[PDB]
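Read the single chain below, which is given as structure tokens and is the form deposited in one PDB entry.
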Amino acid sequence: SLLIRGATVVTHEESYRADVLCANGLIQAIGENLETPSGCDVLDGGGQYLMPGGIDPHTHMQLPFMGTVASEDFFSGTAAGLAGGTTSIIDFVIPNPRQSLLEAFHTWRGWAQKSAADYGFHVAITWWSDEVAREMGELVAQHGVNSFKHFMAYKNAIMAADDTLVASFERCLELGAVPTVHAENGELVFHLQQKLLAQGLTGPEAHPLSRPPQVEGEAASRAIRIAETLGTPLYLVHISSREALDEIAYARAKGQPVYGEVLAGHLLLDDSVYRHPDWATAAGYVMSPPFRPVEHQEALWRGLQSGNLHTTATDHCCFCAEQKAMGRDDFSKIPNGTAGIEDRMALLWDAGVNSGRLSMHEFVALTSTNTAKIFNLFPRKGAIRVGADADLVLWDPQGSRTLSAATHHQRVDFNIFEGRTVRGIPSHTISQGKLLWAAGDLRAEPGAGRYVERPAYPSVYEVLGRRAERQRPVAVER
């Protein structure tokens, strides 16, 4: 048993002073001046905020990708996420083309067994056949998967063309699963990569030039309108561009269920990072989509404030300087990805709440509750109520931290926010009711985390259902 006493509870919609009791991995009681069970550890949260633990729905722990394997494994990644107040992740099963999905799924369950905190998976659809359609049904019915990932970029690899997107989205509808998309036009990226290389522009500064923001806006428009035509919801991962955000807003203004996810990097960094004089420094920012001219950061913030972006994530995909250097002579070969699982919540609090573009309640909604709702984990997760998983974070608004690769718990030799000082840190992280991060001490244990099943048919599917019934076609009688 673990009792957090004297703090202010901050949810996605309200604040109030109360104590919180956890036991057996669940939240047992909430209230002022709670009784203390015998032999129950006590945590003093005076002057701090008690919030749901962060959920990161976009991580790539130890992903084999672009000629190599990510430097962060499932244990060091989930542990680092605990240090930064994040208590569960959704990662990605990425089968190779013509490789079986259940095969990939069990393989990934294997790798993820070492997780120190709760974890789940999105399954990517990297090819199509009647068997993928059948396997998708199995993953939802028997293995707790309720979301499928589609890559519109990475031509001559994992890219899903329109024919796949249509088939798979239609399958998700049948299964009550949520289609999710990496929205970049693969044909234009491939075309621009070759053209820049043929011009001899091989540095990291060519990476943004190879996939400018309209390449994302285009794919977002296409994913969104396939989803509209087939009558499914749609979740777009790491939106970086005004173009893509405007497409989401346009569809939502048409009341379509479209969600957008954003990373701290795309809220706070611009594309000048790729022109850094030092190659390894610039290479460190190479991910897709890339960082953008400053006007896109401001559009994304307004996306958060307006309700047109819905979740924060990290695309946590680490590669050390030596792996980055795999493309020292060809930006197209630099393994794509940045780290951020540990830094997401502090970064957003410091830039959003301290500044105050975001209220404390929006901070919560954007770091856990919205993700939980979208993927049908609410109120089990991202919620402070009796019966919910005891995933919590205690937040010192006056604590300070300076992000550096030399001191962060993420196993990677680079931090895209190196040297940045944030006011507002997680003093204590609580996962499954146990205190796994405390005032500098990390208590993560390999294998401590559970695999989290997400049930199919989130509530959006009931409204979609009624809509589809109103729109059934009537033949003309002749």
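So that there is no doubt, residue numbering starts at 1 and follows the sequence shown.
One more form of this protein should be noted, the form deposited with a small molecule bound, which is absent from this view; the next part is about it.
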property	result
Selected contact from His182, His310, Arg344, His296, since only one has a non-hydrogen atom within 4.5 angstroms of the small molecule in the deposited complex	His182
Answer option from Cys317, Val93, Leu304, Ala365, heavy atom within 4.5 Å of the small molecule in the deposited complex	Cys317
Joint contact, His60, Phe151 and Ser288 to the small molecule in the deposited complex, by non-hydrogen atom at 4.5 Å	yes
In the deposited complex, segment of 151-159, 109-117, 172-180, 197-205 with a heavy atom within 4.5 Å of the small molecule	151-159
Contact label in the deposited complex: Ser210 to the small molecule, heavy atom within 4.5 Å	no
Distance check, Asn336 to the small molecule in the deposited complex, heavy atom within 4.5 Å	yes
Non-hydrogen atom contact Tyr49 with the small molecule in the deposited complex at 4.5 angstroms	no
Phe65 within 4.5 Å of the small molecule in the deposited complex, heavy atoms	yes
